[PDB]
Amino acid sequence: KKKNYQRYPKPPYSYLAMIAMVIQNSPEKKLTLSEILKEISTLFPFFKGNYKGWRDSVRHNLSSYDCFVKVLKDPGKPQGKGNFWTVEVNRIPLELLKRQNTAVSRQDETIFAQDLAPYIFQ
């Protein structure tokens, strides 16, 4: 059967950039997946909408990109879940922090910062 697929009018930043920004601006520079999902939802009204598949995309990003590093909730449970996630900025591909040229940014360029690197790198 044909696979379902749709592109959504998501914010014009990569999921990587948005995740990295919420982690880096958290008090301990670490967040669980549950906490990341909550904080991402604060960034833009799109994430308060009824499309929820971005939550899966965020999970995907944490595993897929090497810049996201799991920190064990319990050091004696290396197979435990609900761990913290950190960002290693030296592993981030810099261009993935730039504002994306999508229909969403073209609709109103001036409400979107051109680069999130200033809010990620110290």
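Quick note: we count residues from 1 along the sequence shown, nothing fancier.
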Using a one-third cut-off over the other compared PDB entries, is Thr102 one of the residues left without coordinates? no
Find out whether the coordinates of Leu16 are absent in at least a third of the other compared PDB entries of the same protein. no
Per the PDB entry, mean CA B-factor is higher for 45-53 or 72-80, namely for 72-80
Hey, which bit's got the bigger mean C-alpha B factor in the entry, 98-106 or 11-19? 98-106
Among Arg91, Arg59, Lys30, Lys38, where is the Cα temperature factor highest, going by the PDB entry? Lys38
